[PDB]
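**Student:** As a preliminary step, the opening chains of the complex are given here in situ:
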Amino acid sequence: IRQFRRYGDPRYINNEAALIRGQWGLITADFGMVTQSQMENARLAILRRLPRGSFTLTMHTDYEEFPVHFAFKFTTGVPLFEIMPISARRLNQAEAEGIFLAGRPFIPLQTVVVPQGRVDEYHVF
Amino acid sequence: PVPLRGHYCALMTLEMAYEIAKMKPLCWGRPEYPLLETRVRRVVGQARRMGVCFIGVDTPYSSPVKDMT
Amino acid sequence: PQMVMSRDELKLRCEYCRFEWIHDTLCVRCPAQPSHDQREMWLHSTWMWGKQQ
Amino acid sequence: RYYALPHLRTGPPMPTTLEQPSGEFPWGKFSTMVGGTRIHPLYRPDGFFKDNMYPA
Amino acid sequence: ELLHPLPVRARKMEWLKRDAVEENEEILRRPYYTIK
Amino acid sequence: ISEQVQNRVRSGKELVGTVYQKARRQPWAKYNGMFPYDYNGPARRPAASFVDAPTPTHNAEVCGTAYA
């Protein structure tokens, strides 16, 4: 409540390499602040490119909102979206990245597409 | 196709698949080739692809015989 | 022609489309359907030092 | 307190049976032909409609 | 403000300052006495 | 060496002996621009030297044009 300009500073690089439960995931590569509306735009743009018969888009919104207006302060490596399978459909990297490519522009900071399991942050970074 | 619906269409024995596959050879000059045991799978798998349920296969057991243990 | 930000953002959209060099600037020309033409954005073909950095 | 690694009593320095999966997307070098394929020109593949239609 | 880059030989001299400092600390890690 | 290797290896890609030449000469189409060796000069390589050459007897004498 009534937090100062220096609070929840995203600028540090985190030690937590996230674990993405979904088959694919979209992960924050830099520091920044993201508006909710931007993530909604991203979500809709991604849902345009998904085969809704085999797939479900999971958005991680549970992070704190910080006053500016309320937005998110994102550290490197924080997961955003998850492509979760309802069936045996196994995407390639080109396909998954082609899917997240729609929603990348709306997000103001750089993002990486990461495959199922734990982020291998030697390869990502 | 099954995931499109979520239920199989009609049951079929592999007995019937042979008499379907008997009819399509590669060359009528030589009926034996290609061999049934192989090319039957094309029929089985296409029926599969159609959504046909099967007996020999995709269910554990073989259709009951009255007279034998 | 539309100017792409860099060489990576440059794709061949059609069957007849080609990579060509405009004086050290890499570009894409289609003899059919000219709306497919892409330039890499870079310095003018003629530039001095004070005039262009 | 100072912190230091234990010695090696047994087994290899880099985990062999315990390998983490490597995090790249596993595209074979020969399955996607891009680079790192050093193939002798005698052994050149996939010419089936160009020069490997008229072999040897 | 600082506008134009540092020239190369300046930072070469700075590197020389670094290993001069190091040359000092090696001396400092030598023993207090010597048994002869 | 490489062009000689190109010559004495078989013609499978391009036409030998024929006057067509599928790959047409287009010098103007290629890269026009200067490389860093166009500014800083040709890259330095070790000067080609003669080791253990015998001493030059007749260094005072002049070589005759050898057409004879």
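**Tutor:** Structure's in. What do you need? Residues are numbered from 1 along each chain as shown, chains lettered A, B, ... in the order given.

**Student:** Quick check: the residue in chain D that chain A sits nearest to vs residue D:7, distance?
**Tutor:** At 2.5 Å from chain A, residue D:23 is the closest residue in chain D, using Cβ to the nearest Cβ. In this view, the C-beta of every residue, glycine as well, is placed from N, C-alpha and C. To residue D:7, residue D:23 is 29 Å away according to Cβ to Cβ, to the nearest Å.

**Student:** So for those two, which residue has more residues nearby?
**Tutor:** Using other Cβ atoms under 10 Å in any protein chain shown as the criterion, residue D:23 and residue D:7 rank with residue D:23 on top: 16 against 5.

**Student:** Could you find the closest non-adjacent residue to residue B:2?
**Tutor:** residue B:51 (5.2 Å; Cβ to Cβ, 6 or more residues apart in numbering or on different chains).

**Student:** what's the neighbour count on that neighbour?
**Tutor:** Neighbours around residue B:51, by other Cβ under 10 Å: 15.

**Student:** near chain F at all, stretch D:40-50?
**Tutor:** No. Judged by Cβ under 8 Å from any Cβ of the partner chain, stretch D:40-50 stays clear of chain F, getting no closer than 8.9 Å.

**Student:** how close does the closest residue to residue A:118 other than its chain neighbours sit to residue A:61?
**Tutor:** In space, and not counting its chain neighbours, residue A:118 is closest to residue A:19: 5.0 Å by Cβ to Cβ, 6+ apart. According to Cβ to Cβ, residue A:19 stands 18 Å off from residue A:61.

**Student:** do residue F:66 as well
**Tutor:** For residue F:66, the distance to residue A:61 (Cβ to Cβ) stands at 90 Å.

**Student:** Of the two, which one has the most company?
**Tutor:** Ranked by neighbour count (other Cβ under 10 Å), residue F:66 and residue A:61 place residue A:61 first, with 12 against 5.

**Student:** could you say which helix or strand contains the nearest residue to that one once chain neighbours are set aside?
**Tutor:** Closest residue in space to residue A:61, ignoring its immediate chain neighbours: residue A:39 at 7.2 Å, by Cβ to Cβ, 6+ apart. Element membership of residue A:39, judged by DSSP states H and E, is helix A:36-48.

**Student:** One more: residue A:34?
**Tutor:** strand A:32-35.

**Student:** how about the residue nearest to residue A:61, what does it touch?
**Tutor:** With contacts defined as Cβ atoms under 8 Å, 6 or more residues apart in numbering or on different chains, residue A:39 is in contact with A:59, A:61, A:80, A:106, A:107.

**Student:** let's bring in chain G now:
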Amino acid sequence: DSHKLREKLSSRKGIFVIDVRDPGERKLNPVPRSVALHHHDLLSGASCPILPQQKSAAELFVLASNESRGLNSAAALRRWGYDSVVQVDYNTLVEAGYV
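**Tutor:** One more chain to add, chain G, which I have set with the ones above:
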């Protein structure tokens, strides 16, 4: 010491034994031909000029009570180029007639 015995008898003269050992027990035990060093005085490199000049030709005996500092001082010595180092405790060189 069916090997060590003839090694230390008459094979050469000697001052060959560096004992890194507590000052308390080197009065109790004492081996009176050994140079009494301190194990810190070895590792540090403050003993180098009295240690023999040719690094390869030498073989030195570390006389230690606790074997852990025998193992420490071995490394201390091979840091300065002494590779052949034999660790001996007190009772060992009793049977060798060295005391």
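
**Student:** on that earlier part again, which other helices and strands does the strand holding residue A:34 contact?
**Tutor:** Packing contacts for strand A:32-35, counted by 3 or more Cβ pairs under 8 Å, 6 or more residues apart in numbering or on different chains; DSSP states H and E, involve strand A:70-74.

**Student:** The helix or strand that the strand it packs on is followed by versus helix A:36-48: what angle between them?
**Tutor:** Sequence order places strand A:79-85 as the next helix or strand after strand A:70-74, per DSSP H and E. Strand A:79-85 and helix A:36-48 are oriented at 20 degrees to each other (axes from the mean of the first three to the mean of the last three Cα atoms, to 10 degrees).

**Student:** Within the sheet, what are the partner strands of strand A:79-85, with directions?
**Tutor:** Partners of strand A:79-85 in the sheet, by DSSP bridges, are strand A:19-28 (antiparallel), strand A:55-59 (antiparallel).

**Student:** Surely residue G:67 touches residue G:89?
**Tutor:** Yes. Applying Cβ atoms under 8 Å, one finds residue G:67 in contact with residue G:89, separated by 7.1 Å.

**Student:** contacting residues around residue A:107?
**Tutor:** Applying Cβ under 8 Å, 6+ apart, the residues contacting residue A:107 are A:34, A:38, A:39, A:42, A:80.

**Student:** Max pairwise distance over those: which two?
**Tutor:** Greatest spatial distance in the contacts of residue A:107: A:38 and A:80, 10.5 Å, computed using Cβ to Cβ.

**Student:** Those two: which has the busier surroundings?
**Tutor:** Shown here are residue A:38 and residue A:80; by other Cβ under 10 Å, residue A:80 has more neighbours (24 against 18).

**Student:** Excluding covalently adjacent residues, which one is nearest to the more buried one?
**Tutor:** The shortest distance from residue A:80 to any non-neighbouring residue, by Cβ to Cβ, 6+ apart, is to residue A:26 (4.7 Å).

**Student:** Now chain F against chain G: closest residue?
**Tutor:** Counting by Cβ to the nearest Cβ, chain F gets nearest chain G through residue F:51, at 37.6 Å.

**Student:** That residue: how many residues sit nearby?
**Tutor:** Neighbours of residue F:51 under the rule other Cβ under 10 Å: 4.

**Student:** mind checking which helix or strand it is in?
**Tutor:** Residue F:51 belongs to no helix or strand, assigned by DSSP H and E.

**Student:** Let's add chain H too:
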Amino acid sequence: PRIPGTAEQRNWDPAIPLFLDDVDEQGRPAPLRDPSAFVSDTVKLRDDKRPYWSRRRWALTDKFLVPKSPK
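**Tutor:** Same chains as before, plus chain H:
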């Protein structure tokens, strides 16, 4: 002292050895019966470029990436 350097130098510099007496420096004693094998220092001088002279390798080497300047 028989210990080179002051305390400030000791807890600055990982060159001066630990002067621990009766224990091994690194955990418990090593068994008596090569870091560079897995550590890669290979400096790649020229950055490998993208094959515009081949049509298939151009699109197969595609990098899906959006340039973003920091805000």
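
**Student:** since we added chain H, can you redo the neighbour count of residue B:51?
**Tutor:** Neighbour tally, residue B:51, other Cβ under 10 Å: 15.

**Student:** roughly how far apart are it and residue A:33?
**Tutor:** Distance check for residue B:51 against residue A:33: by Cβ to Cβ, it reads 51 Å.

**Student:** Repeat that for residue C:48.
**Tutor:** 42 Å.

**Student:** who's more crowded, those two?
**Tutor:** Between residue C:48 and residue A:33, counting by other Cβ under 10 Å, residue A:33 is the more crowded of the two (17 against 8).

**Student:** How much space separates the closest residue to chain E within chain D from residue H:16?
**Tutor:** Nearest residue of chain D to chain E, counting by Cβ to the nearest Cβ: residue D:2, 17.9 Å away. According to Cβ to Cβ, residue D:2 stands 13 Å off from residue H:16.

**Student:** Which one's more surrounded, these two?
**Tutor:** Between residue D:2 and residue H:16, residue H:16 has the larger neighbour count (other Cβ under 10 Å), namely 17 against 9.

**Student:** helix, strand or coil for that one?
**Tutor:** For residue H:16, the assignment made with DSSP: H, G, I helix; E, B strand; the rest coil gives coil.

**Student:** Residue B:47 sits in which helix or strand?
**Tutor:** Residue B:47 belongs to helix B:36-50 when elements are defined using DSSP H and E.

**Student:** what comes up buried for that helix?
**Tutor:** Within helix B:36-50, the residues scored as buried using 16 or more other Cβ atoms under 10 Å in any protein chain shown are B:39, B:40, B:43, B:44, B:47, B:48.

**Student:** just checking, residue D:36 touches residue D:29?
**Tutor:** Yes. Proximity of residue D:36 to residue D:29 meets the contact threshold set by Cβ under 8 Å, at 5.1 Å.

**Student:** neighbour-wise, which of those two wins?
**Tutor:** Neighbour totals were compared for residue D:36 and residue D:29, and residue D:29 leads with 11 against 7 (other Cβ under 10 Å).

**Student:** can you give me the angle the helix holding residue A:39 makes with strand A:70-74?
**Tutor:** Counting by the same axes, to 10 degrees, helix A:36-48 lies at 70 degrees to strand A:70-74.

**Student:** which parts of chain C sit against chain H?
**Tutor:** Counting by Cβ under 8 Å from any Cβ, chain C sits next to chain H at C:5, C:6, C:7, C:8, C:11, C:12, C:19, C:26.
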